[PDB]
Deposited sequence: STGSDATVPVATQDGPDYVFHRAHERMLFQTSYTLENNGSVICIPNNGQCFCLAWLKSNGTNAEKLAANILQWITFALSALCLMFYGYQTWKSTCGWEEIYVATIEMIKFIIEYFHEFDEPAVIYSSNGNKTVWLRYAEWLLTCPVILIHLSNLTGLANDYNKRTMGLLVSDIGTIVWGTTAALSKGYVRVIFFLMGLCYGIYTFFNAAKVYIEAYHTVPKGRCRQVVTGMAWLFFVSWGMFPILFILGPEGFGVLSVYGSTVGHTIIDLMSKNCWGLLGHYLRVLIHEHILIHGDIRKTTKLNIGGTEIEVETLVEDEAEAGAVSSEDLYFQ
């Protein structure tokens, strides 16, 4: 069923593998199961769901960040639906790895844009500062190292994962300051509840990715690839759809505030944050 060699004969009491000279690549590790049909189904359902609300979110939705990830997201399901396990949505490499490049490519496409969104939670500003650049670079870095880790094996996989981890820690800390700052920047009411919710959504969801990597085929293989897919789809849901929804909601709330009360700032000490207020 694959576009690589899946059919083969064992010869010489299993010491030889004979293959059609058909120009197809071959490897046993590639034929290993992606997981149970139940996990498969759980995976396909969740994908349809995230596709469904990515479409719903897109229908419903500058605010460009979230339409951008929703566009990437439903683009990705289009690929998943038709080619999820075709090279190179999955990369079957010469070391036997199956690396879900669809996932890592998606992260590359969406994470910086989420971080850009995070860097401007209010949506008001020509915000972007040095912090934001660090957020972006550290995060692209973690994805590159993680992807490299996924593509690797043994010690070097460990090294790259650890490099990704160091970049990730840097990203989380940076994101945290941003969330802390945003909390004190936005109006005292509901806006601070959703910033808080976004922080939670963000750190749990984003923190789950290295956990999933550790658990997945790229790690200690406690999760099958379907299992990994299931997990990733849940935290995709959280990190892309739910977070972006809150983020959109936060922005609507800020705008409505800005519209009704004007844009009024009172300096608060943390670095200094220009807090939104209702009155003079």
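- Positions of the deposited sequence absent from the coordinates, in order: 1-25, 87-94, 304-309, 320-333.
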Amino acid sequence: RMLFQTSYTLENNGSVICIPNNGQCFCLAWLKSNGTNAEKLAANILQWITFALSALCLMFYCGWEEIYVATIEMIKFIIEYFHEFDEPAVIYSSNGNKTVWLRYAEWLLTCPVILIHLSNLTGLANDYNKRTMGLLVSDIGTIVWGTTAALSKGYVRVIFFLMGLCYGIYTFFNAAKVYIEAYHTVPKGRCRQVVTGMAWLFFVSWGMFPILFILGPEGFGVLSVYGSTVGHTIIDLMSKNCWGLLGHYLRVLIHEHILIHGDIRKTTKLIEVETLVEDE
From here on, numbers count along this sequence of modelled residues.
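- The question of which stretch, 18-26 or 259-267, has the higher mean Cα B factor is settled in favour of 259-267.
- Higher mean CA temperature factor, per the PDB entry, when comparing 183-191 with 112-120: 183-191.
- Take 243, 249, 213, 61 and read off each C-alpha B-factor from the entry; 61 has the highest.
- In the PDB entry, a CA B factor belonging to the highest third of its chain's modelled residues is recorded for residue 71.
- Annotation for residue 233: C-alpha temperature factor in the middle third relative to the rest of the modelled chain, per the entry.
- When the modelled residues of the chain are ordered by C-alpha B-factor, residue 81 sits in the highest third.
- Sort the chain's modelled residues by C-alpha temperature factor and residue 130 lands in the highest third, per the entry.
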